[PDB]
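Beneath this line is the structure, given in structure tokens, with notes to follow.
Naming convention: chains lettered A, B, ... in sequence-line order (proteins, then strands); numbering from 1 in each chain.
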Amino acid sequence: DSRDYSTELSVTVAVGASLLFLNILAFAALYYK
Amino acid sequence: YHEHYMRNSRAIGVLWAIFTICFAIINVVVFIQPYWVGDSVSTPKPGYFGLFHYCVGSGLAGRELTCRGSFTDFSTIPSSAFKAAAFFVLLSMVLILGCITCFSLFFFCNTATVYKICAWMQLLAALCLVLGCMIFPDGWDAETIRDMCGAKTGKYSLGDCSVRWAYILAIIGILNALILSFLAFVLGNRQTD
Amino acid sequence: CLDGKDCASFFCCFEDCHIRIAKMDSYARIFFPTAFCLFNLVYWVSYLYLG
Ligand SMILES: CCCCCCCC/C=C\CCCCCCCC(=O)O[C@H](COC(=O)CCCCCCCCCCCCCCC)COP(=O)(O)OC[C@@H](O)CO
Ligand SMILES: CCCCCCCC/C=C\CCCCCCCC(=O)O[C@H](COC(=O)CCCCCCCCCCCCCCC)COP(=O)(O)OC[C@@H](O)CO
Ligand SMILES: CCCCCCCCCCCC(=O)OC[C@H](COP(=O)([O-])O)OC(=O)CCCCCCCCCCC
Ligand SMILES: CC(C)CCC[C@@H](C)[C@H]1CC[C@H]2[C@@H]3CC=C4C[C@@H](O)CC[C@]4(C)[C@H]3CC[C@]12C
Ligand SMILES: CCCCCCCCCCCCCCCC(=O)O
Ligand SMILES: CCCCCCCCCC
Ligand SMILES: [Cl-]
């Protein structure tokens, strides 16, 4: 097995950033009076 | 204007709850899966290890992963730092699952009070995940982890091993937990308006 | 309180909250089954699928 962790890291960072972005969109919704 | 306000609050509360369930799933996954740190090309032996469970290869140009460790059996955990980190991540799990339960309190309890209570547990959940992720590297100097990664490996030093998807997922869990907490606190102070 | 309320006013419920103890049975009637179902879900999933 090719012992490379690049695609896994990329998809993990992608899903983490997406969840973070949805949360920040929620804050934008609230602090937008 | 007021009906728009109520619709926005209700919808964003639903979204919060969905993201809270997602973070609970994330916490369960990072606690269970043993993919916090793992081998590299320069490592003497292959494998991976999480908070308590660790798998290591025999070293004969094949997989042959022997696996040992279990939170139910603290003797098998390599280090006291590993034990403490596992305990803290559990506590975070308990708190987030307790929040999901409290959702049930929305029927009777004051919405504002529930948001706030769920919010504080989500903050502590974040605090305990922070403590766990800070304490877990402390145990890297254990004999088993050194035999896995190399002589360079030590307290707060990767050496030759590399962090795998569960560790960064736990960091993302910390961020999501602190963030979720706030959205709740403000969700609460707002509901009163 | 980025809003500007009091920190306690924005963080804790040191206003009304205890008083609402008569409804504690009403709370428990749905709290305890939810907690047990959640524990069973995580327990069975963890011991069957994830490990
Ligand atoms: C007891 C039944 C009735 C009351 C139940 C009340 C609830 C209590 C909770 C859990 C059990 C209590 C803790 C018991 C722990 C087990 C007993 C214990 O403490 O002994 C030590 C730890 O053992 C071990 O590996 C055990 C290590 C892990 C113990 C904890 C496991 C996870 C518990 C997660 C709970 C979440 C609850 C959530 C509620 C919503 C070992 O010593 P010993 O000299 O043998 O070592 C030498 C070695 O060579 C033995 O192989
Ligand atoms: C696998 C994971 C499984 C997890 C399952 C979790 C489920 C756990 C059990 C029950 C949840 C109970 C939710 C009940 C929500 C009902 C909320 C409701 O009654 O409506 C109003 C809005 O409340 C609110 O904005 C509160 C919003 C509730 C948000 C929490 C519920 C989320 C359910 C979405 C599920 C998604 C699943 C998807 C997973 C992939 C408040 O009423 P009300 O003005 O009259 O009161 C005023 C006062 O004077 C007397 O109550
Ligand atoms: C097996 C269930 C049999 C009973 C059917 C479900 C009961 C639904 C009744 C409607 C809710 C209601 O107003 O009455 C019960 C209480 C409030 O009681 P009261 O003191 O206001 O009269 O209000 C509540 O506490 C909400 C009801 C929560 C029911 C929880 C169901 C889970 C049951 C777990 C066992 C399988
Ligand atoms: C009461 C509600 C709110 C929370 C319940 C928390 C439950 C889900 C927690 C408490 C203790 C936890 C267990 C503790 C230890 C282990 C051993 C590990 O190798 C697999 C996960 C497993 C089996 C955990 C699964 C989840 C668990 C059962
Ligand atoms: C009476 C409703 C209780 C609500 C909680 C439901 C889950 C209870 C636990 C049932 C466990 C029974 C053993 C199942 C074993 C299996 O997976 O086949
Ligand atoms: C897909 C793997 C899901 C693991 C269990 C999730 C439990 C979430 C909190 C109830
Ligand atoms: Cl285990």
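- The nearest pair of heavy atoms linking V41(B) to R3(A) is O-NH2, 4.1 Å.
- The number of heavy atoms from other shown groups lying within 6.0 Å of OH (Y32(A)) does not exceed 12.
- Within a 6.0 Å sphere centred on CZ of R68(B), other residues, nucleotides and ligands contribute 12 heavy atoms or fewer.
- At most 12 heavy atoms of other shown residues, nucleotides or ligands fall within 6.0 angstrom of atom CZ in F21(A).
- We find the CG-CD1 distance between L19(A) and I26(B) to be 5.0 Å, quoted to the nearest 0.5 Å.
- For the pair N8(B) and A29(A), the tightest heavy-atom approach, listed with the atom from each and the gap, is ND2-O, 4.2 Å.
- Put simply, CD1 on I179(B) and CG on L20(A) are 4.5 Å apart, with the number rounded to the nearest 0.5 Å.
- Residues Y1(B) and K33(A) approach most closely at OH-C, 4.4 Å, considering heavy atoms.
- In the displayed structure, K45(B) atom NZ is contacted under 6.0 Å by more than 12 heavy atoms of other residues, nucleotides or ligands.
- Within the model, atoms CG of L183(B) and CG of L22(A) stand 11.5 Å from one another, a figure rounded to the nearest 0.5 Å.
- Remark: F182(B) CZ to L30(A) CG distance equals 10.0 Å, nearest 0.5 Å.
- With a 4.5 angstrom heavy-atom cutoff, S40(B) touches chain A only via backbone atoms.
- Heavy-atom neighbours of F87(B) CZ from other residues, nucleotides or ligands within 6.0 Å: at or below the threshold of 12.
- For the side-chain contact (heavy atoms from CB on, under 4.5 Å) with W165(B), the lone residue among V13(A), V11(A), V15(A), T12(A) that qualifies is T12(A).
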